[PDB]
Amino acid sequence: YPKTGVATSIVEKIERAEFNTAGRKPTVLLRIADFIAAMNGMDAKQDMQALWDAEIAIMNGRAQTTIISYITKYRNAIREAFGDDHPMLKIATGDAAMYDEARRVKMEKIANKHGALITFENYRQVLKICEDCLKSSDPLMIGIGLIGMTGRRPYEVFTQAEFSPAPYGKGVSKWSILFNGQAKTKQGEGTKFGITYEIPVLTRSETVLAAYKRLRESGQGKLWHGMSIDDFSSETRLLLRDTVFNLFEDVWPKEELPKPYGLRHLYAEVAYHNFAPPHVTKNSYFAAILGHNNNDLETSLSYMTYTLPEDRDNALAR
């Protein structure tokens, strides 16, 4: 197996961070680079294990989620440097207990949310704002609007979404479009990777397609197109966060802060409330419109956080 290699992306991030006007020192990226460095020439399991042990000792005062993420970074770096067949990939990993605990906590949270939904009182107002954003000229705004109206992830919307009209009968669908470029998915049998599939929209198709075309033809939209996730995050995450904070501050449910993904949650809820066929379940429908894998009904549980004032009403009926 390869004994030498370089994690190019890490080295490039580190190099670009040399001439920075301000900001944190890239200590983590540096530890990873030095890690991949020390790995060069290693042929003994125990040495590798000692190196990894050192790194694990380092990130001691961190959150479990944080440590798990960092381990992801290290593993991706090792994989980029030496390939998939390097023994370090068997060593550079967290306790099974850590992952089990993460799963546990996740389930507890989700179940807590299912036990006490948040009534989205002013949801129509939010949807309306998102629709007005489709007419805005600032591509950030068009983006937010498309998130609210299509329930696509930010990364998807800005950097890689392919929207096309959805053919209904022998014309075009008024309330659905064709989305391609699903994120967070590897190539596989039951995945939506590279799969163009029909999703519902919360306004006219023509509107969404027009706005998307505009955003996509904007200079900033051309900058966004094909971006990596890190590039997109560093480029836009805070601006998008602050903007979404600003737009929905007055009309968002008081139990939580306005977040971009909340538009995806709410999109799922509303789309189900308006378009769901009579023979599928809420989980199945969510899984369908969100682009989850086939036979995956467990991820849909993550998106059931709100209840509509109407449902709340005709449940109080009772």
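Start at 1 with the first residue shown and count on from there.
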The stretch carrying the higher mean Cα B factor in the deposited entry, 238-246 or 150-158, is 238-246
Which is higher on mean Cα B factor in this entry, 307-315 or 1-9? 1-9
Peak C-alpha temperature factor (PDB record), options 128, 174, 186, 73: 186
Highest recorded Cα temperature factor - choice among 80, 95, 108, 198: 95
Ranking every modelled residue in this chain by its Cα temperature factor as given in the entry, which third contains residue 278? highest
Which third of the chain holds residue 168 when residues are ordered by C-alpha B factor: lowest, middle or highest? highest
On the chain's distribution of Cα B-factors, residue 289 falls within the third called lowest
In terms of the chain's CA B-factor thirds, is residue 115 lowest, middle or highest? lowest
CA B-factor ranking of residue 218, expressed as a third of its chain: highest
